[PDB]
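Only one chain is included here, represented as structure tokens and corresponding to the form deposited in one PDB entry.
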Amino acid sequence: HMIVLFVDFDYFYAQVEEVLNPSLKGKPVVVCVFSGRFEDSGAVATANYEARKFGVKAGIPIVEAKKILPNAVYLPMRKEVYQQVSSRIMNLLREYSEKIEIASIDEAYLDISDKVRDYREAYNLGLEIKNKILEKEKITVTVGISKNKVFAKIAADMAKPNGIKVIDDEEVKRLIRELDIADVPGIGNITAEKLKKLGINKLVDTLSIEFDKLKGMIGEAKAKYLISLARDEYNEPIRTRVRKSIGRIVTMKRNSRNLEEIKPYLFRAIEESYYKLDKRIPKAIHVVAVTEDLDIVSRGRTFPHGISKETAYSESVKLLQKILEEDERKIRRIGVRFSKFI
């Protein structure tokens, strides 16, 4: 008996725009990031359900989304607001448990093995949490409930939007056989494809392969992960997480190779990155470059001390010269990433 409760906010960014302006609810709302290269360049960060049922979702080009819903409301993404609205909600969650793991800007795991004694009581603490968040911050969320972090999140995907579901041990047993391997957290397209070849379409299937052949295909961490889920031995603790890196990437108007033409962008990125750092001091710095064909290239350096703004400016141009040197393609997007704080 160890009951994990997972919370996930529905189409978060979009739902926040509906809160800050209710005249929006009911219509197709699409939050985008207008990269600025040309008219409507850029992608979609997220759309609400009214838009999603028509194909408009996160990842597609804004241009493509206007071909489908010329009259949907297109709003520019406001990262900062969403972040603060999230912090408030993350606090309402600490009112229910001491053991809370904040997965992303909208996902959180709460260990409530103690506060509750069985699934029934959980499902109640679930509706309770949903209703509290709805009245305090006006946001709908989906709640998953199960034995461990992995199934609690799977439950959530099955119950969204605005839902609540409990996956009990009998269902876990059948899911380890019926549930599609790809629907397992941490299994993207690439890992799903490698597993197709190894003849593993279901979780159970992993016990039919010799360990070392699975370790040579998808890595050891991933292998043990899938195997413990199959034998039903997975039981990761809910540890609190802490930012391990902050950075910013910007899109340049035109793809380039000229150093003096890229610097300006690179520098803007560093300014905004030190703003996000707020009091934090990084020892490591990484310059990140996105080539014209969308391949990511980067170069970094760890110092035995914190990096000051002057140092960042200076060190980044060097790493950028190290990038153009080793890479002969043109650069589409450029940015930096700081880490290893003091």
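All residue numbers refer to positions in the sequence shown, first residue = 1. Take the two forms, find the largest set of C-alpha atoms that superpose within 1.5 Å, and that set is the rigid core.
Quick note: we don't show the form deposited in another entry, though the next part is all about it.
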Out of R268, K222, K138, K99, the residue that alone shifts its CA by 2 Å or more between the shown form and the other one when the rigid core is the reference: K222
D10: Cα shift of 2 Å or greater between the shown form and the other one (core-aligned): no
Cα displacement of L125 between the shown form and the other one reaching 2 Å, rigid core superposed: no
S41 C-alpha relocation of at least 2 Å between the shown form and the other one, rigid core basis: no
Note on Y11-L294 C-alpha separation in that other deposited form, which departs from the shown form by 3 angstroms or more: farther
